[PDB]
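Considered here are two forms of the same protein chain, supplied as structure tokens in two stand-alone entries, structure 1 and structure 2.
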Structure 1
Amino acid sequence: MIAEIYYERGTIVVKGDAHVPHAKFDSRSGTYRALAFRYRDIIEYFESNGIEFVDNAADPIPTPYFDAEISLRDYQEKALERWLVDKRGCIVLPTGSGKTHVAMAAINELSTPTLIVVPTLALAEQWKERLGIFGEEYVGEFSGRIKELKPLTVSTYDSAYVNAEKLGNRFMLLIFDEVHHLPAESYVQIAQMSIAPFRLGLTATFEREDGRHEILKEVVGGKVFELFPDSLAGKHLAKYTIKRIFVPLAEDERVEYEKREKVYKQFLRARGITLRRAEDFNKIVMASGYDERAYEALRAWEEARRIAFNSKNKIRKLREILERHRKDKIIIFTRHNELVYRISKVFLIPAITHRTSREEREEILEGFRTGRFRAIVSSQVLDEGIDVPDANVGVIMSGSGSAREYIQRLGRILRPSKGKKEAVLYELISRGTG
């Protein structure tokens, strides 16, 4: 008898295992049962312990791969990345701080059926209008006025609570606008009765006059980021915004990419991080050793990675950005010469690679500073002093992950067009599974 889980009215019913975590025995129905929000852990348990199970619990509203373009100031990129560690926490920021942008970003980053829980219908109509950037045919509202079940669904705390069991297994990401309302002994059940592994709570005031904001940690999460008004006052960045674009691989790049990852997926030799127990730092630690020869499976990781960088949707997309920005000075950093040369010929743009030279730089950046040059493609931060041409558009070609290191680095070298005062950094990332 194999293991099996299924969703039953706000709980995860469990079969074939009397030792699963959080699962307690239903004397009334001879089954082990756990509130739905413990789904993630349960999954993560079967995984890490290489246990075989059938997942008849989750019933995700099918969702496309979003690719809207969301501009994010610097602090909002920090909050976002901070949240990306566990994809399960609360973000605290003053009003006007732009929490909604961080939310949009996660929704875009994650690309899973999502439910937004808001206090009022106005806020929901407002959130629904924002959400349209993803496509209005994917935005729905589930309330007392209408009950739609689309990938991006907006609902009020009151509506979502009354249909918590109905909504319980349809979503993977729960966003709570003004999460401080969630602790209500009722509303809190929206979260508990939900399998949604990813959760985000947005708010200006986390703590409650009743301490009840202590239950969030468990159901939603605790503050993973915070900032008081007196902190934004600094004449901070505001010289640029970030908009990462996710470009999917072409029908075929996508398939090869498969026969290149299921390899290191099982890790081969051990039960590594089955369900994100790393951050790319693990594929270098104990990994990277030489010992046996069953580590050569990892070489496929080293492979899949490039399958990314060298794509066609990223050049096609870059192309698009170039015409978009064809009256501004742009740089195009990238940690791949193999990709550095390609960009150079295709758009016929002067390069500046790891080989070049010493004199083979002085001019380019001068020609880039003299004019007739508002676009170049390098491979190293052009920061070594208090000069180097005013990039009006930054662009980073990455792979399957994000280089936050070059985001900043490359970001301050970008000076804002005197008439707009806000450069634009564009990190192009791919999909696949991340």
Structure 2
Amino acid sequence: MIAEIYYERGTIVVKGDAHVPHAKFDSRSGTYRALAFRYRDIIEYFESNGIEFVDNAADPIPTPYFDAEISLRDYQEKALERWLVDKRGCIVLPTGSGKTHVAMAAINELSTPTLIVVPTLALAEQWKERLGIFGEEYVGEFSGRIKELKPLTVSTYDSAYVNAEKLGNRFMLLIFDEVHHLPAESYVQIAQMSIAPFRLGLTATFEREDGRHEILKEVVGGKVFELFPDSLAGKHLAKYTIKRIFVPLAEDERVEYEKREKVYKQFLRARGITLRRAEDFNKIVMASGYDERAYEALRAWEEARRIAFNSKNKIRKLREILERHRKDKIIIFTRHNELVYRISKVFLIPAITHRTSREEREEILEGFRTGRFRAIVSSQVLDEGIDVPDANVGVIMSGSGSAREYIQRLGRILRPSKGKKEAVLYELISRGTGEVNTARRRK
């Protein structure tokens, strides 16, 4: 007496609900079925409209939490951000190590079973060599040569097509290299038959190639970022890379967050609303008004976001980054004044908030200009008015794109240190608590 979806031969068959979208009744089966790539739309339906269900379709390959610190260029970081909005779509890039790196960063961030699909077995070997960074323990190949199911499996369109069924329900992230190969009527079955919610296609071609770019948007998603080699050969490559660090919530912090997380999430889906950005919940609760439990929702959400940004772990991660850069100049930046002062107390770093006087502000910056203070923690210095002294390393505690442009501005003032080639702009991102999967002992 409960809805359940299960996987079979490249399709999802649903039993227990009939309004499930894209489902079609197979009179032979007696049950509704759809193409497996409708997984999201079906999973979204059950959780948006609050139908509790069993998931016997997804059988992910156990995958660790990857905290490789994949270094990206600015526009490559920009590319990653634009993809992550949907986590389903396509990118074009000038170079090929740039394509991989972006794919490499996305895999690092998502930490789910991932299937790369390339045209040729040469590439397949180049991907799986690049993917060594996450540990060859977790890299594998599934093609004619060998058939092994690792957290990071590389295959070819040809062997994936012949094997679309056995590969459908076992990865969460689906990467297509030189994606314009995908629209062939055989290769589309690769996409149409995997439940993989997240989909990245990498290419360099144009949007006018026989009209088959139309089927991509339906099965992988359409372009989210474009940059062809001519726009690179005209601008100077900024002298810094942007690494992303993923900091887990501690256990008790994850305990309390999930509490406040449950109250706001239960209230929002009870409403059934689709929030574009979490900041609109500060304002949607005011304008709508006429609600008693919406305060209790806002109070939990506000309480939840505060548990997440003050993460004890993020300051420990900042502690580790600071040891790593004892000789360099550093600007740490968040948007939370309490955190600016907390970082200052813990590590004895000058703080500059908007409550700082123009005297001490200019003192700090002149002492950072000279060798008197090797670091600053601040929530103002990236403003358009004042000019920051040069530095070698930036940290963004926030990690998020509430104010995305700050990541650009914080890059602007970075310069490589004496003895090293280029600078670094870390950004600390709060991801998981542990307990992601098993040890892959099955079969």
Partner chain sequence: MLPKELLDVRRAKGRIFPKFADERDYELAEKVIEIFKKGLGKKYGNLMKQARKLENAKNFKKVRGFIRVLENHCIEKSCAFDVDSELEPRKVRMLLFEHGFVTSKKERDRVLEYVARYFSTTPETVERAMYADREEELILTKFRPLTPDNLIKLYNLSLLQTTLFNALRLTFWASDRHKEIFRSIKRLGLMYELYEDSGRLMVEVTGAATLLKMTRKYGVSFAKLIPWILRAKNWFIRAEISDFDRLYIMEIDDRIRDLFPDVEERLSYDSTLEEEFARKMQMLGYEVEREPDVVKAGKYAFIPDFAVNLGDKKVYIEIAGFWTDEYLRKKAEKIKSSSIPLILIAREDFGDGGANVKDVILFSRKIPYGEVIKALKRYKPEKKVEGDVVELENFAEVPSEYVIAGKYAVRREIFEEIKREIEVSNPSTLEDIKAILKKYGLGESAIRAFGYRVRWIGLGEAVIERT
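Only the largest set of C-alpha atoms that superpose within 1.5 Å between the two forms is called the rigid core. For residue numbers, the reference is structure 1: its sequence is counted from 1.
Between structure 1 and structure 2, the form solved in complex with the partner chain
Only structure 2 fits here, because that chain is the form solved in complex with the partner chain.
With the two forms aligned on their rigid core, point out which item of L149, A204, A297, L121 shifts its C-alpha by 2 Å or more between the two structures.
Comparing the C-alpha positions, the one residue that moves 2 Å or more is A297.
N49: with the rigid core matched between the two structures, does its Cα shift 2 Å or more?
No, its C-alpha moves less than 2 Å.
Aligned on the rigid core, do the two forms place the Cα of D59 2 Å or more apart, comparing between the two structures?
No; that C-alpha moves by less than 2 Å between the two structures.
Superpose the two forms on their rigid core, then report whether the C-alpha of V285 is displaced by 2 angstroms or more between the two structures.
Yes; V285 is a residue whose C-alpha shifts (by 2 Å or more) between the two structures when the cores are overlaid.
Determine, in Å, the CA shift of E226 between the two structures after the rigid core is used for superposition.
In the core superposition between the two structures, the C-alpha of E226 moves 1.0 Å.
Taking the rigid core as the frame of reference, how far in Å is the Cα of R374 displaced between the two structures?
Its alpha carbon moves by 4.3 Å.
With both forms put on the same core, how far apart in Å are the CA positions of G401 between the two structures?
A shift of 8.1 Å at the C-alpha.
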